[PDB]
$ cat entry15.cif   # mmCIF, C-alpha atoms
data_input
loop_
_atom_site.label_atom_id
_atom_site.label_comp_id
_atom_site.auth_asym_id
_atom_site.auth_seq_id
_atom_site.Cartn_x
_atom_site.Cartn_y
_atom_site.Cartn_z
CA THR A 547 33.76 145.01 -166.09
CA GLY A 548 32.94 141.50 -167.23
CA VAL A 549 29.17 142.07 -167.19
CA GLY A 550 29.00 141.25 -170.91
CA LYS A 551 30.19 144.38 -172.69
CA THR A 552 32.23 142.28 -175.12
CA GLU A 553 29.19 140.12 -175.92
CA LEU A 554 27.10 143.20 -176.74
CA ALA A 555 29.73 144.48 -179.18
CA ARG A 556 29.93 141.11 -180.94
CA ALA A 557 26.14 140.84 -181.21
CA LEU A 558 25.89 144.37 -182.62
CA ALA A 559 28.27 143.57 -185.48
CA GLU A 560 26.53 140.27 -186.28
CA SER A 561 23.12 141.84 -186.94
CA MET A 562 24.52 144.87 -188.82
CA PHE A 563 27.47 143.66 -190.93
CA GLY A 564 26.30 140.04 -191.11
CA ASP A 565 29.53 138.75 -189.55
CA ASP A 566 30.75 138.11 -186.01
CA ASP A 567 34.52 137.98 -186.61
CA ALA A 568 34.58 141.37 -188.39
CA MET A 569 35.72 143.12 -185.22
CA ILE A 570 39.05 144.92 -184.77
CA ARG A 571 39.94 144.67 -181.08
CA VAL A 572 42.34 147.37 -179.85
CA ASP A 573 43.65 147.17 -176.28
CA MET A 574 44.69 150.53 -174.83
CA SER A 575 46.61 148.80 -172.02
CA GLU A 576 49.50 148.19 -174.45
CA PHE A 577 49.50 151.84 -175.62
CA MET A 578 50.88 153.84 -172.69
CA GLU A 579 54.06 155.54 -173.93
CA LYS A 580 54.17 158.49 -176.30
CA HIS A 581 55.73 156.40 -179.08
CA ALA A 582 52.80 153.95 -178.94
CA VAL A 583 50.61 156.38 -180.92
CA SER A 584 52.85 155.78 -183.97
CA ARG A 585 51.92 152.06 -184.08
CA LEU A 586 48.21 151.77 -184.89
CA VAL A 587 48.31 154.79 -187.23
CA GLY A 588 51.07 153.10 -189.23
CA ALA A 589 54.83 152.62 -189.31
CA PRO A 590 56.59 156.00 -189.56
CA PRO A 591 59.17 156.33 -192.35
CA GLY A 592 62.72 155.42 -191.39
CA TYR A 593 61.64 152.91 -188.71
CA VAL A 594 60.05 149.88 -190.40
CA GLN A 601 48.14 148.47 -187.64
CA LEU A 602 44.63 149.79 -187.05
CA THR A 603 44.63 151.63 -190.38
CA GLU A 604 45.84 148.53 -192.23
CA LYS A 605 43.13 146.30 -190.74
CA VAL A 606 40.26 148.77 -191.20
CA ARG A 607 41.16 149.40 -194.85
CA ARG A 608 40.61 145.78 -195.89
CA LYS A 609 37.41 145.57 -193.79
CA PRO A 610 35.66 148.96 -193.91
CA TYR A 611 32.51 147.38 -192.40
CA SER A 612 33.94 146.60 -188.97
CA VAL A 613 33.22 147.57 -185.36
CA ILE A 614 36.13 149.02 -183.39
CA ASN B 159 56.92 129.54 -159.97
CA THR B 160 55.66 133.11 -160.53
CA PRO B 161 58.19 134.16 -163.22
CA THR B 162 56.86 137.73 -163.26
CA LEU B 163 57.39 138.19 -159.51
CA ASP B 164 60.86 136.63 -159.68
CA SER B 165 62.01 139.24 -162.22
CA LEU B 166 60.27 142.43 -161.02
CA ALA B 167 61.25 141.92 -157.36
CA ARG B 168 63.84 140.22 -155.16
CA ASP B 169 63.30 136.71 -153.79
CA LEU B 170 64.22 136.04 -150.16
CA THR B 171 63.97 132.23 -149.97
CA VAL B 172 66.82 131.89 -152.48
CA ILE B 173 69.15 134.10 -150.42
CA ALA B 174 68.24 132.37 -147.15
CA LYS B 175 68.68 128.91 -148.69
CA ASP B 176 72.42 129.41 -149.18
CA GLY B 177 72.80 131.11 -145.79
CA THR B 178 75.79 133.23 -146.83
CA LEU B 179 74.62 136.19 -144.71
CA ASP B 180 74.71 136.58 -140.94
CA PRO B 181 71.71 134.97 -139.21
CA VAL B 182 69.11 137.21 -137.60
CA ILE B 183 69.87 137.08 -133.86
CA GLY B 184 67.77 138.87 -131.26
CA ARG B 185 64.56 139.13 -133.33
CA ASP B 186 63.07 135.81 -132.21
CA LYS B 187 60.08 137.60 -130.65
CA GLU B 188 59.05 139.11 -133.99
CA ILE B 189 59.37 135.74 -135.76
CA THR B 190 56.24 134.39 -134.06
CA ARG B 191 54.40 137.71 -134.43
CA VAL B 192 54.64 137.90 -138.23
CA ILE B 193 53.33 134.36 -138.77
CA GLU B 194 50.55 134.94 -136.22
CA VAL B 195 49.11 137.88 -138.17
CA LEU B 196 49.27 135.99 -141.48
CA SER B 197 47.28 133.13 -139.92
CA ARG B 198 44.42 135.42 -138.86
CA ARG B 199 41.33 135.51 -141.07
CA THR B 200 40.89 139.27 -140.55
CA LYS B 201 43.70 141.84 -140.82
CA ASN B 202 46.25 139.40 -142.26
CA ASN B 203 48.59 142.18 -143.49
CA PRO B 204 51.09 143.06 -140.74
CA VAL B 205 52.77 146.46 -140.89
CA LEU B 206 56.24 147.14 -139.47
CA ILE B 207 55.44 150.24 -137.42
CA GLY B 208 58.57 152.09 -136.37
CA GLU B 209 61.22 154.58 -137.33
CA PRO B 210 63.29 153.75 -140.43
CA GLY B 211 66.51 152.20 -139.15
CA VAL B 212 65.35 150.40 -136.01
CA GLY B 213 65.82 146.99 -137.64
CA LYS B 214 62.75 146.53 -139.82
CA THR B 215 64.93 145.04 -142.57
CA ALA B 216 65.96 142.11 -140.35
CA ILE B 217 62.29 141.34 -139.65
CA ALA B 218 61.66 140.36 -143.27
CA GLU B 219 64.98 138.49 -143.49
CA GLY B 220 64.13 136.29 -140.51
CA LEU B 221 60.71 135.39 -141.91
CA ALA B 222 62.26 133.43 -144.79
CA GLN B 223 64.99 132.00 -142.53
CA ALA B 224 62.47 129.81 -140.68
CA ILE B 225 61.40 128.19 -143.97
CA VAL B 226 64.87 126.69 -144.49
CA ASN B 227 65.14 125.73 -140.80
CA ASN B 228 61.68 124.07 -140.84
CA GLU B 229 60.59 126.23 -137.90
CA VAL B 230 57.55 127.85 -139.57
CA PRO B 231 54.18 126.24 -138.73
CA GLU B 232 52.00 124.29 -141.16
CA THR B 233 49.98 127.42 -141.98
CA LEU B 234 53.16 129.14 -143.23
CA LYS B 235 54.94 126.04 -144.56
CA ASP B 236 56.69 126.04 -147.95
CA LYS B 237 55.78 129.63 -148.84
CA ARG B 238 58.20 131.87 -150.70
CA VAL B 239 58.89 135.41 -149.46
CA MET B 240 58.94 138.18 -152.07
CA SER B 241 59.84 141.83 -151.45
CA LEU B 242 59.18 144.69 -153.89
CA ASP B 243 61.62 147.58 -153.54
CA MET B 244 60.45 151.18 -153.87
CA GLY B 245 63.22 152.05 -156.34
CA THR B 246 61.50 150.43 -159.33
CA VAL B 247 58.46 152.74 -159.33
CA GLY B 255 50.66 155.06 -166.86
CA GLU B 256 52.76 151.96 -167.52
CA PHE B 257 53.51 151.46 -163.81
CA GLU B 258 50.03 150.08 -163.11
CA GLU B 259 50.29 147.62 -166.03
CA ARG B 260 52.86 145.46 -164.20
CA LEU B 261 51.17 145.15 -160.79
CA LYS B 262 48.01 143.69 -162.37
CA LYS B 263 49.87 140.61 -163.63
CA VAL B 264 51.82 140.02 -160.41
CA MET B 265 48.72 139.81 -158.21
CA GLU B 266 47.19 137.18 -160.51
CA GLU B 267 50.14 134.84 -160.00
CA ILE B 268 50.03 135.27 -156.21
CA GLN B 269 46.40 134.14 -156.01
CA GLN B 270 46.98 131.10 -158.23
CA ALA B 271 50.12 129.96 -156.41
CA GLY B 272 48.76 130.61 -152.91
CA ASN B 273 52.23 130.64 -151.31
CA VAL B 274 53.58 134.05 -152.40
CA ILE B 275 53.83 136.63 -149.61
CA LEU B 276 54.27 140.22 -150.77
CA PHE B 277 56.44 142.70 -148.87
CA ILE B 278 56.03 146.42 -149.57
CA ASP B 279 57.91 149.35 -148.05
CA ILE B 299 45.49 150.79 -157.11
CA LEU B 300 45.91 148.04 -154.50
CA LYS B 301 42.72 148.84 -152.56
CA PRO B 302 40.58 146.21 -154.37
CA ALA B 303 43.36 143.64 -153.94
CA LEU B 304 43.63 144.17 -150.17
CA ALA B 305 39.85 144.41 -149.68
CA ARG B 306 39.34 140.74 -150.63
CA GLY B 307 42.49 139.59 -148.84
CA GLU B 308 43.93 138.04 -152.00
CA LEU B 309 47.38 139.58 -151.42
CA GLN B 310 49.04 139.06 -148.03
CA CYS B 311 51.41 142.00 -148.32
CA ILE B 312 53.53 143.04 -145.33
CA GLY B 313 53.98 146.78 -144.98
CA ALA B 314 57.18 148.48 -143.90
CA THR B 315 56.19 152.17 -143.83
CA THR B 316 57.09 154.40 -140.90
CA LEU B 317 54.60 155.43 -138.22
CA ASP B 318 54.39 159.01 -139.54
CA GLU B 319 53.37 157.87 -143.04
CA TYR B 320 51.09 155.09 -141.73
CA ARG B 321 48.68 157.54 -140.06
CA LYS B 322 48.59 159.85 -143.10
CA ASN B 323 47.81 157.56 -146.06
CA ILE B 324 46.59 154.25 -144.58
CA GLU B 325 44.47 155.54 -141.69
CA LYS B 326 42.67 158.04 -143.94
CA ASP B 327 41.30 155.15 -146.03
CA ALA B 328 38.59 152.98 -144.48
CA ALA B 329 39.14 150.08 -146.90
CA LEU B 330 42.74 149.56 -145.75
CA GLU B 331 42.00 150.40 -142.10
CA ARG B 332 40.47 146.96 -141.44
CA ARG B 333 42.98 145.09 -143.62
CA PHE B 334 46.39 146.23 -142.31
CA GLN B 335 47.17 145.19 -138.73
CA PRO B 336 49.85 147.40 -137.13
CA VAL B 337 52.70 145.57 -135.40
CA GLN B 338 54.75 147.27 -132.67
CA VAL B 339 58.30 146.77 -133.94
CA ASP B 340 60.54 148.90 -131.71
CA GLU B 341 64.09 148.67 -130.40
CA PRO B 342 64.84 145.54 -128.32
CA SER B 343 65.97 145.46 -124.70
CA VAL B 344 69.53 145.98 -123.46
CA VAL B 345 69.84 142.33 -122.39
CA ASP B 346 68.53 141.17 -125.77
CA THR B 347 71.38 142.99 -127.52
CA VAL B 348 73.95 141.12 -125.41
CA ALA B 349 72.84 137.75 -126.80
CA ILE B 350 73.29 139.11 -130.35
CA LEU B 351 77.05 139.54 -129.89
CA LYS B 352 77.46 136.13 -128.24
CA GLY B 353 75.50 134.35 -130.97
CA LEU B 354 77.51 135.96 -133.78
CA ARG B 355 80.87 135.67 -131.99
CA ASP B 356 81.56 132.27 -133.57
CA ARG B 357 80.82 133.81 -136.99
CA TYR B 358 83.30 136.66 -136.39
CA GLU B 359 86.45 134.51 -135.91
CA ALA B 360 87.32 132.58 -139.08
CA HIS B 361 90.20 134.51 -140.71
CA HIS B 362 93.09 135.08 -138.27
CA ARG B 363 91.92 132.92 -135.33
CA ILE B 364 92.00 135.54 -132.58
CA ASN B 365 90.65 135.27 -129.04
CA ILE B 366 87.98 137.70 -127.82
CA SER B 367 87.41 138.04 -124.09
CA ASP B 368 83.88 137.68 -122.74
CA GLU B 369 84.22 140.85 -120.64
CA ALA B 370 84.20 143.10 -123.71
CA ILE B 371 80.88 141.65 -124.91
CA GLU B 372 78.93 142.88 -121.88
CA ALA B 373 80.90 146.14 -121.81
CA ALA B 374 79.93 146.96 -125.42
CA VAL B 375 76.27 147.59 -124.54
CA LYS B 376 76.44 149.60 -121.30
CA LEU B 377 78.35 152.54 -122.80
CA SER B 378 76.68 152.31 -126.22
CA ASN B 379 73.40 153.79 -124.99
CA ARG B 380 75.15 156.28 -122.69
CA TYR B 381 76.65 158.33 -125.54
CA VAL B 382 75.06 157.24 -128.85
CA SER B 383 71.29 157.50 -128.39
CA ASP B 384 70.14 158.92 -131.74
CA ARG B 385 69.56 155.83 -133.92
CA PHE B 386 67.82 153.34 -131.56
CA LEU B 387 68.71 149.68 -131.02
CA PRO B 388 70.31 147.50 -132.26
CA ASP B 389 72.11 149.55 -134.93
CA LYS B 390 73.26 152.18 -132.43
CA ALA B 391 74.11 149.46 -129.90
CA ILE B 392 76.79 147.67 -131.96
CA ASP B 393 79.04 150.68 -132.53
CA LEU B 394 81.61 150.62 -129.70
CA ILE B 395 83.60 147.67 -131.09
CA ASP B 396 84.83 149.26 -134.28
CA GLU B 397 88.22 150.79 -133.38
CA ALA B 398 88.42 150.20 -129.62
CA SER B 399 91.13 147.62 -128.81
CA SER B 400 93.49 147.10 -131.76
CA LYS B 401 96.91 147.84 -130.23
CA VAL B 402 97.96 144.43 -128.90
CA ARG B 403 97.81 141.60 -131.44
CA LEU B 404 99.83 142.79 -134.46
CA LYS B 405 101.78 145.42 -132.50
CA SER B 406 103.98 142.62 -131.12
CA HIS B 407 104.18 140.99 -134.58
CA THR B 408 106.63 143.70 -135.68
CA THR B 409 110.41 143.31 -135.74
CA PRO B 410 112.37 145.46 -133.25
CA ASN B 411 115.07 146.48 -135.75
CA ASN B 412 115.46 142.85 -136.84
CA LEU B 413 114.08 142.55 -140.39
CA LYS B 414 114.25 146.31 -141.05
CA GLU B 415 117.94 145.94 -141.94
CA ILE B 416 118.13 142.30 -143.10
CA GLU B 417 115.63 142.87 -145.90
CA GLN B 418 117.35 146.12 -146.90
CA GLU B 419 120.65 144.28 -147.42
CA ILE B 420 118.93 141.72 -149.66
CA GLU B 421 117.36 144.48 -151.76
CA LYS B 422 120.62 146.24 -152.63
CA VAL B 423 122.54 143.03 -153.42
CA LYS B 424 119.99 141.77 -155.95
CA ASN B 425 119.82 144.95 -158.05
CA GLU B 426 123.59 145.51 -157.98
CA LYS B 427 124.12 141.87 -158.99
CA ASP B 428 122.20 142.23 -162.26
CA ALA B 429 124.11 145.35 -163.29
CA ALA B 430 127.47 143.61 -162.84
CA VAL B 431 126.39 140.86 -165.25
CA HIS B 432 125.96 143.24 -168.20
CA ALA B 433 129.06 145.22 -167.18
CA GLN B 434 131.35 142.16 -167.47
CA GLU B 435 132.25 142.52 -163.77
CA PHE B 436 132.19 139.06 -162.18
CA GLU B 437 135.14 139.65 -159.83
CA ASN B 438 132.77 141.03 -157.18
CA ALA B 439 129.62 139.29 -158.46
CA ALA B 440 130.82 135.91 -157.17
CA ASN B 441 130.94 137.22 -153.60
CA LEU B 442 127.52 138.85 -154.04
CA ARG B 443 125.83 135.55 -154.91
CA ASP B 444 127.20 133.81 -151.81
CA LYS B 445 126.21 136.75 -149.59
CA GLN B 446 122.72 136.91 -151.10
CA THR B 447 122.15 133.18 -150.57
CA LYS B 448 123.28 133.45 -146.94
CA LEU B 449 120.98 136.42 -146.31
CA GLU B 450 118.00 134.55 -147.78
CA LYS B 451 118.59 131.66 -145.38
CA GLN B 452 118.85 134.07 -142.43
CA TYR B 453 115.60 135.82 -143.37
CA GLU B 454 113.64 132.55 -143.27
CA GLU B 455 115.20 131.54 -139.94
CA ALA B 456 114.42 134.93 -138.37
CA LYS B 457 110.82 134.86 -139.62
CA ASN B 458 110.19 131.30 -138.41
CA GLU B 459 111.48 131.94 -134.88
CA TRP B 460 109.38 135.11 -134.62
CA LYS B 461 106.05 133.39 -135.33
CA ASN B 462 106.83 130.30 -133.25
CA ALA B 463 107.22 132.33 -130.04
CA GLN B 464 104.09 134.44 -130.68
CA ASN B 465 101.44 132.14 -132.20
CA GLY B 466 101.19 130.22 -128.93
CA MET B 467 100.04 133.19 -126.87
CA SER B 468 96.58 134.69 -127.35
CA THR B 469 95.72 138.40 -127.47
CA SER B 470 92.36 138.79 -125.72
CA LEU B 471 90.47 142.06 -125.47
CA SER B 472 90.81 144.42 -122.51
CA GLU B 473 88.21 146.72 -120.97
CA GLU B 474 90.72 149.56 -120.52
CA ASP B 475 90.82 150.20 -124.29
CA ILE B 476 87.10 149.75 -125.03
CA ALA B 477 86.26 153.30 -123.93
CA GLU B 478 89.10 154.83 -125.99
CA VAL B 479 87.09 154.83 -129.23
CA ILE B 480 84.09 156.66 -127.73
CA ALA B 481 86.43 159.37 -126.41
CA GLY B 482 86.84 160.85 -129.90
CA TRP B 483 83.23 160.36 -130.98
CA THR B 484 81.95 163.04 -128.58
CA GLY B 485 85.14 164.68 -127.25
CA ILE B 486 84.88 163.51 -123.63
CA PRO B 487 88.38 162.98 -122.16
CA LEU B 488 89.43 159.39 -121.56
CA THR B 489 90.02 160.13 -117.87
CA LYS B 490 86.38 161.10 -117.34
CA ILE B 491 85.08 158.02 -119.17
CA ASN B 492 87.42 155.58 -117.39
CA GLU B 493 85.85 155.35 -113.93
#

$ encode --input "entry15.cif" --output "structure tokens"
Amino acid sequence: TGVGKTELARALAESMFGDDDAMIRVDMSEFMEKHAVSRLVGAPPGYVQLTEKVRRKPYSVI
Amino acid sequence: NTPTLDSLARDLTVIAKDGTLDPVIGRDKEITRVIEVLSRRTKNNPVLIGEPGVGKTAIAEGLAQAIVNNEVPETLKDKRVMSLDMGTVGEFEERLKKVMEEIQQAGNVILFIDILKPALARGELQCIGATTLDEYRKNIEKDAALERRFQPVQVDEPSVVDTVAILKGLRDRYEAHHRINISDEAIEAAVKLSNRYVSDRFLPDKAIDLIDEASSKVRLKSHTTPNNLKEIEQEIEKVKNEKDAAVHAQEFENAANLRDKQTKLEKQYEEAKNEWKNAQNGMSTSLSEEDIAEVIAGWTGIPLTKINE
């Protein structure tokens, strides 16, 4: 870790999509419980992420 | 101030600062041993090797006591002591990653335990183990990375003479409620017979067990009334209740005599109580060796005649 994996991902998006900030960063460290799977996929009915962000920017690197 | 460590564990320097608990007496030898290991460049993680119950808890308590007393050396000066209990144990590994970062930045946080291999390999965390000997040779010895990082410390039961000084040091802290006198003969007699019968829990916990119900038949036994207040108080009780009933019954012919009698009895009760305590508070009820062995008679079943020799 820390060898520059993040830099490689940013450079890949810059030369392909023409933008460097068009990256959706998802940290799996915050998704540990079973109920965490119902957060990035969207808010389940009767209660109130990744799908919302990717829809506005289809040309993004996850 | 390591807010994460202060909430996910229990701080020891705060408890020792107030000093509301009994001081650690008899573990002065281990005080210099713990700081010595932490000052070593290699193997700076002492481990409390011993059976659970020999007094390993007091070892950690005394480490933070020297900080308040300014007895710790410069190498271990102004360093907080933090202990992580085993009852708060995936999402478990997500909390330990943040705690170790604060320890390195502060430089004065000492962990105390009762995944972490990379942390101990570089010596960033100066954790103090508290596992038993049986579990130390099964999980720590099998790993080479932690073999040269944890230094075992021989923490066993103290000597018989060392236990004697524990009672004498804490004697002044055991007389602050009723101001009783404890003879010095019972202090030395509470350690000779302790190991003779009870030898299943090691020192010092098994040592301080004789003085629990040994000699308790002298002090307050003479504070009783030999048929003095047993009848005086009874007379006061019946007059008061009967007096109230006569008020609502429009019967004051006998109520007038009841009030005078009740007032006289109240004066007599105070006089009898005052003279009782004046002639008894002067004398002191010290302990006796003839009743020390009475408590151990029922623990094992040995007759008192056999024990009293």

$ interface_residues --input "entry15.cif" --of "chain A" --to "chain B" --cutoff "10 Å" --atoms "only C-alpha atoms" --output "ChimeraX atom specification"
/A:575-579

$ atom_distance --input "entry15.cif" --atom1 "atom CA of residue 365 of chain B" --atom2 "atom CA of residue 460 of chain B"
19.5 Å

$ atom_distance --input "entry15.cif" --atom1 "atom CA of residue 327 of chain B" --atom2 "atom CA of residue 198 of chain B"
21.2 Å

$ resolve_selection --input "entry15.cif" --expression "the PyMOL selection byres ((chain B and resi 172-179) around 10)" --output "MDAnalysis selection string"
chainID B and resid 168:171 180:182 219:227 238:239

$ atom_distance --input "entry15.cif" --atom1 "atom CA of residue 467 of chain B" --atom2 "atom CA of residue 360 of chain B"
17.6 Å

$ resolve_selection --input "entry15.cif" --expression "the PyMOL selection byres ((chain B and resi 303) around 12)" --output "short mmCIF file (atom, residue, chain, number, x, y, z; two decimals) with C-alpha atoms, keeping the file's coordinate frame"
data_model
loop_
_atom_site.label_atom_id
_atom_site.label_comp_id
_atom_site.auth_asym_id
_atom_site.auth_seq_id
_atom_site.Cartn_x
_atom_site.Cartn_y
_atom_site.Cartn_z
CA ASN B 203 48.59 142.18 -143.49
CA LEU B 261 51.17 145.15 -160.79
CA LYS B 262 48.01 143.69 -162.37
CA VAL B 264 51.82 140.02 -160.41
CA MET B 265 48.72 139.81 -158.21
CA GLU B 266 47.19 137.18 -160.51
CA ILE B 268 50.03 135.27 -156.21
CA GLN B 269 46.40 134.14 -156.01
CA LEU B 276 54.27 140.22 -150.77
CA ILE B 299 45.49 150.79 -157.11
CA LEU B 300 45.91 148.04 -154.50
CA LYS B 301 42.72 148.84 -152.56
CA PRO B 302 40.58 146.21 -154.37
CA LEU B 304 43.63 144.17 -150.17
CA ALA B 305 39.85 144.41 -149.68
CA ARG B 306 39.34 140.74 -150.63
CA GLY B 307 42.49 139.59 -148.84
CA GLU B 308 43.93 138.04 -152.00
CA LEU B 309 47.38 139.58 -151.42
CA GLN B 310 49.04 139.06 -148.03
CA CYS B 311 51.41 142.00 -148.32
CA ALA B 329 39.14 150.08 -146.90
CA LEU B 330 42.74 149.56 -145.75
CA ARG B 333 42.98 145.09 -143.62
#

$ resolve_selection --input "entry15.cif" --expression "the PyMOL selection byres ((chain B and resi 445-454) around 8)" --output "VMD selection string"
chain B and resid 413 416 to 417 419 to 420 423 to 424 441 to 444 455 to 458

$ residues_around --input "entry15.cif" --residues "residue 196 of chain B" --least-positions-apart "2" --cutoff "10 Å" --atoms "all atoms listed in the file" --output "JSON, numbers by chain"
{"B": [191, 192, 193, 194, 198, 199, 200, 201, 202, 203, 204, 233, 234, 275, 310, 311, 312, 335]}

$ residues_around --input "entry15.cif" --residues "segment 594-602 of chain A" --least-positions-apart "3" --cutoff "10 Å" --atoms "only C-alpha atoms" --output "short mmCIF file (atom, residue, chain, number, x, y, z; two decimals) with C-alpha atoms, in the frame of the given file"
data_model
loop_
_atom_site.label_atom_id
_atom_site.label_comp_id
_atom_site.auth_asym_id
_atom_site.auth_seq_id
_atom_site.Cartn_x
_atom_site.Cartn_y
_atom_site.Cartn_z
CA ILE A 570 39.05 144.92 -184.77
CA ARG A 571 39.94 144.67 -181.08
CA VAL A 572 42.34 147.37 -179.85
CA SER A 584 52.85 155.78 -183.97
CA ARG A 585 51.92 152.06 -184.08
CA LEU A 586 48.21 151.77 -184.89
CA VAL A 587 48.31 154.79 -187.23
CA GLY A 588 51.07 153.10 -189.23
CA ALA A 589 54.83 152.62 -189.31
CA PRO A 590 56.59 156.00 -189.56
CA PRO A 591 59.17 156.33 -192.35
CA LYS A 605 43.13 146.30 -190.74
CA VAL A 606 40.26 148.77 -191.20
CA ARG A 607 41.16 149.40 -194.85
CA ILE A 614 36.13 149.02 -183.39
#

$ residues_near_point --input "entry15.cif" --point "(81.6, 148.4, -121.5)" --cutoff "12 Å" --atoms "all atoms listed in the file" --output "CSV table (one decimal) with C-alpha atoms, in the coordinates of the input"
chain,number,residue,atom,x,y,z
B,348,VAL,CA,74.0,141.1,-125.4
B,368,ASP,CA,83.9,137.7,-122.7
B,369,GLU,CA,84.2,140.8,-120.6
B,370,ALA,CA,84.2,143.1,-123.7
B,371,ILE,CA,80.9,141.6,-124.9
B,372,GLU,CA,78.9,142.9,-121.9
B,373,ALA,CA,80.9,146.1,-121.8
B,374,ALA,CA,79.9,147.0,-125.4
B,375,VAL,CA,76.3,147.6,-124.5
B,376,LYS,CA,76.4,149.6,-121.3
B,377,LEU,CA,78.4,152.5,-122.8
B,378,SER,CA,76.7,152.3,-126.2
B,379,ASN,CA,73.4,153.8,-125.0
B,380,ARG,CA,75.2,156.3,-122.7
B,381,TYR,CA,76.6,158.3,-125.5
B,391,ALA,CA,74.1,149.5,-129.9
B,392,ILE,CA,76.8,147.7,-132.0
B,393,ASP,CA,79.0,150.7,-132.5
B,394,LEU,CA,81.6,150.6,-129.7
B,395,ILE,CA,83.6,147.7,-131.1
B,398,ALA,CA,88.4,150.2,-129.6
B,471,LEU,CA,90.5,142.1,-125.5
B,472,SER,CA,90.8,144.4,-122.5
B,473,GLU,CA,88.2,146.7,-121.0
B,474,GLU,CA,90.7,149.6,-120.5
B,475,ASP,CA,90.8,150.2,-124.3
B,476,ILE,CA,87.1,149.8,-125.0
B,477,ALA,CA,86.3,153.3,-123.9
B,478,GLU,CA,89.1,154.8,-126.0
B,479,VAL,CA,87.1,154.8,-129.2
B,480,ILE,CA,84.1,156.7,-127.7
B,491,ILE,CA,85.1,158.0,-119.2
B,492,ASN,CA,87.4,155.6,-117.4
B,493,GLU,CA,85.8,155.4,-113.9

$ closest_residue --input "entry15.cif" --among "B:241, B:159, B:468, B:323" --to "residue 404 of chain B" --atoms "all atoms listed in the file"
B:468

$ closest_residue --input "entry15.cif" --among "B:332, B:214, B:403, B:490" --to "residue 185 of chain B" --atoms "all atoms listed in the file"
B:214

$ residues_around --input "entry15.cif" --residues "residue 363 of chain B" --least-positions-apart "3" --cutoff "12 Å" --atoms "only C-alpha atoms" --output "PyMOL selection string"
chain B and resi 355-360+366+403+465-470

$ write_last_selection --input "entry15.cif" --atoms "C-alpha atoms" --output "PDB file, keeping the file's coordinate frame"
ATOM      1  CA  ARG B 355      80.870 135.670-131.990  1.00  0.00           C
ATOM      2  CA  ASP B 356      81.560 132.270-133.570  1.00  0.00           C
ATOM      3  CA  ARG B 357      80.820 133.810-136.990  1.00  0.00           C
ATOM      4  CA  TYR B 358      83.300 136.660-136.390  1.00  0.00           C
ATOM      5  CA  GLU B 359      86.450 134.510-135.910  1.00  0.00           C
ATOM      6  CA  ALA B 360      87.320 132.580-139.080  1.00  0.00           C
ATOM      7  CA  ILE B 366      87.980 137.700-127.820  1.00  0.00           C
ATOM      8  CA  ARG B 403      97.810 141.600-131.440  1.00  0.00           C
ATOM      9  CA  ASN B 465     101.440 132.140-132.200  1.00  0.00           C
ATOM     10  CA  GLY B 466     101.190 130.220-128.930  1.00  0.00           C
ATOM     11  CA  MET B 467     100.040 133.190-126.870  1.00  0.00           C
ATOM     12  CA  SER B 468      96.580 134.690-127.350  1.00  0.00           C
ATOM     13  CA  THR B 469      95.720 138.400-127.470  1.00  0.00           C
ATOM     14  CA  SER B 470      92.360 138.790-125.720  1.00  0.00           C
TER      15      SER B 470
END

$ decode --input "entry15.cif" --residues "segment 565-572 of chain A" --atoms "N, CA, C and O atoms" --output "short mmCIF file (atom, residue, chain, number, x, y, z; two decimals), in the first residue's frame"
data_model
loop_
_atom_site.label_atom_id
_atom_site.label_comp_id
_atom_site.auth_asym_id
_atom_site.auth_seq_id
_atom_site.Cartn_x
_atom_site.Cartn_y
_atom_site.Cartn_z
N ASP A 565 -10.73 14.03 -17.77
CA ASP A 565 -10.88 14.72 -16.50
C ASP A 565 -10.18 13.92 -15.41
O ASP A 565 -10.08 12.69 -15.49
N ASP A 566 -9.70 14.63 -14.39
CA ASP A 566 -9.02 14.00 -13.26
C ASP A 566 -9.89 13.89 -12.03
O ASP A 566 -9.66 13.00 -11.20
N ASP A 567 -10.89 14.75 -11.88
CA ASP A 567 -11.79 14.73 -10.73
C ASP A 567 -13.02 13.87 -10.97
O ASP A 567 -13.89 13.80 -10.09
N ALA A 568 -13.13 13.22 -12.13
CA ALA A 568 -14.28 12.36 -12.43
C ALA A 568 -14.05 10.94 -11.91
O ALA A 568 -14.13 9.95 -12.64
N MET A 569 -13.74 10.86 -10.62
CA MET A 569 -13.50 9.60 -9.94
C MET A 569 -14.42 9.50 -8.73
O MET A 569 -14.51 10.45 -7.94
N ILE A 570 -15.10 8.37 -8.59
CA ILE A 570 -15.98 8.11 -7.47
C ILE A 570 -15.24 7.17 -6.53
O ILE A 570 -15.11 5.97 -6.79
N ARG A 571 -14.73 7.71 -5.42
CA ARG A 571 -13.97 6.93 -4.46
C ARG A 571 -14.91 6.29 -3.45
O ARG A 571 -15.68 6.99 -2.78
N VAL A 572 -14.85 4.97 -3.34
CA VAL A 572 -15.66 4.21 -2.39
C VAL A 572 -14.70 3.48 -1.46
O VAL A 572 -13.85 2.71 -1.92
#
